[PDB]
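> Got an experimental structure here, sequence first:
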Amino acid sequence: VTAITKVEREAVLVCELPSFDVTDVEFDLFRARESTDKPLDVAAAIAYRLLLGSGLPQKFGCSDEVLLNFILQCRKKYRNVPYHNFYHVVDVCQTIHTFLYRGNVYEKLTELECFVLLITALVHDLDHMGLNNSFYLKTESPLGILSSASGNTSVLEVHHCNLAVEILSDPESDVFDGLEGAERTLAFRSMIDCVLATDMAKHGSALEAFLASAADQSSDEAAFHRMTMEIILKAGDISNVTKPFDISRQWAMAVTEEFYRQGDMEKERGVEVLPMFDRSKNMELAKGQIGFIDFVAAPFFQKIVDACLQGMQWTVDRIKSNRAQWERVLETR
Ligand SMILES: COc1ccc(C2=NN(C(C)C)C(=O)[C@@H]3CC=CC[C@H]23)cc1C#CC(=O)NCc1ccccc1
Ligand SMILES: [Mg+2]
Ligand SMILES: [Zn+2]
């Protein structure tokens, strides 16, 4: 990868984020993006401020400059797709910050693990092309073939991990360069385990494992820490419905458009299109979100809060009010 230039860094350091509290659960990244003519710089600046403000990079020998380099190397590898772009991973970073510090999940982890989570948020979807794992397998795409051949069906997640390892292999962008021995190993393994755990095919088993570990007073500590990390990246990854309703809605619009574009390409390639990917089925956003809330997000957040993350109660509350607002959209249609 080409080194980050001084001009690239300055363009981020310029951004001042006047009127924004990046630590707030009601922070609005869409408003931040609209605020400016250079949304990519503002997004980078948000990530930068979150990481420096945590106090964590400083404690792990990561310089302000290596941090900004890392952020900009991550940025270069996100594509202009509707949802799985740089704004999503910055959003996940910001959201995880809130979970750690507003939800007090930081209490469950070491400072290094908190640092790893914030960093992992920015790598966890590198070079996403707007197509899910299933597309690559169904179309016998080269990436799909390689996954099947090598025995790992987490097509995209292994790819993300590959590119994270590349970025971090250069000291100029290695936010873990200040680490050695077992700390450096834990950083890489936990980062990778977390990204691998974002494959929604593993959702049920990841959740089950965490819940079982959390219920067990005699769980292995290292294992509980690792599963807590996995659950928090997962939580951030499906956190759109925990946001204030107009933020939540904009996310649903973007993901819906990404799905529809995949559906279009599936049609052209003559492979199976699921209803939720099909523009012609014309399905209402309100029912989409309610279904996601009922079948995925509300059980997830409720169970982890009840089991262990009591401080993240507000996520359950916002999901509940978001569901009620979508139901009011139905009621008045
Ligand atoms: C902002 O809403 C969303 C935010 C995220 C996702 C994601 N879905 N999945 C899986 C669950 C299909 C992924 O694997 C994506 C990649 C990794 C993590 C989560 C991602 C879906 C929606 C939605 C919706 C929506 O209205 N459809 C209706 C729906 C109903 C039931 C279940 C899923 C969708
Ligand atoms: Mg992903
Ligand atoms: Zn993601």
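Looks like it arrived, so ask away. Numbers count the residues shown, from 1 in each chain. Ligands and ions are numbered 1, 2, ... in the order given.

> So the closest residue to ligand 3 within the stretch 1-150 of the chain versus ligand 1, what's the distance?
The nearest approach of the stretch 1-150 of the chain to ligand 3 comes at residue 125, 4.4 Å away (C-beta to the ion). Using the backbone N, CA and C atoms, a C-beta is placed for each residue, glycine as well. Per C-beta to the nearest ligand atom, to the nearest Å, residue 125 is found 8 Å from ligand 1.

> In contact with that residue, which residues?
78, 84, 88, 89, 156, 160, 198 (C-beta atoms under 8 Å, 6 or more residues apart in numbering).

> can you tell me which residues contact the residue lying closest to residue 54 once chain neighbours are set aside?
Nearest residue to residue 54, sequence neighbours excluded (C-beta to C-beta, 6 or more residues apart in numbering): residue 118, at 6.4 Å. By C-beta under 8 Å, 6+ apart, the residues touching residue 118 are 50, 51, 54, 56, 93, 96, 97, 100.

> Does stretch 242-251 reach ligand 3?
No - on the criterion C-beta under 5 Å from the ion, stretch 242-251 is out of touch with ligand 3, staying 11.1 Å away.

> Next, the buried residues of that stretch.
For stretch 242-251, burial by neighbour count (16 or more other C-beta atoms under 10 Å) applies to 242, 243, 245, 247, 248, 249, 250, 251.

> which residues are in contact with the host helix or strand of the last one?
Following DSSP states H and E, the helix or strand that holds residue 251 is helix 245-269. Here helix 245-269 makes contact (C-beta under 8 Å, 6+ apart) with 28-30, 81-84, 91, 130-132, 135, 138-139, 240-243, 272-274, 276-279, 285, 288-289, 321-322, 325.

> Tell me the residues on this protein that lie near ligand 3, please.
Going by C-beta under 5 Å from the ion, the residues of the chain near ligand 3 are 125, 237.

> For residue 108, see how far away the residue of the stretch 151-300 of the chain found nearest ligand 2 is.
When distances are taken as C-beta to the ion, the stretch 151-300 of the chain reaches nearest to ligand 2 at residue 198, 4.6 Å away. According to C-beta to C-beta, to the nearest Å, residue 198 stands 19 Å off from residue 108.

> These two: which has the busier surroundings?
Neighbour count, other C-beta atoms under 10 Å: between residue 198 and residue 108, residue 198 has more, with 23 against 19.

> Please verify my assumption that the more buried one contacts residue 235.
No - at 10.5 Å, residue 198 does not count as touching residue 235 under the criterion of C-beta atoms under 8 Å.

> Ramachandran coordinates for residue 2?
phi -70, psi 140 (degrees, to the nearest 10).

> Filter the contacts of helix 245-269 down to the buried ones.
By 16+ other C-beta under 10 Å, the contacts of helix 245-269 give 28-30, 81-84, 91, 130-132, 135, 139, 240-243, 273, 276-278, 288-289, 322, 325 as buried.

> from those residues, which are also near ligand 1?
240, 276, 288, 289 (C-beta under 6 Å from any ligand atom).

> Check these and tell me the two furthest apart.
240 and 276 (15.1 Å; C-beta to C-beta).

> The closest residue to residue 168 other than its chain neighbours: how many residues sit nearby?
In space, and not counting its chain neighbours, residue 168 is closest to residue 174: 4.8 Å by C-beta to C-beta, 6+ apart. Residues near residue 174, counting by other C-beta under 10 Å, number 18.

> Which residue does the stretch 201-333 of the chain have closest to ligand 3?
For the stretch 201-333 of the chain, C-beta to the ion, closest residue to ligand 3: residue 237, 4.4 Å.

> Tell me which residues touch the nearest residue to that residue once chain neighbours are set aside, please.
What sits nearest to residue 237 in space, not counting adjacent residues and going by C-beta to C-beta, 6+ apart, is residue 198, at 5.3 Å. For residue 198, the contact set (C-beta under 8 Å, 6+ apart) comprises 124, 125, 157, 233, 234, 237.

> Wait, residue 67 touches residue 57, no?
Yes - counting by C-beta under 8 Å, residue 67 touches residue 57, with 5.0 Å between them.

> Overlap of the contact sets of these two?
Counting by C-beta under 8 Å, 6+ apart, the contacts common to residue 67 and residue 57 are 51, 175.
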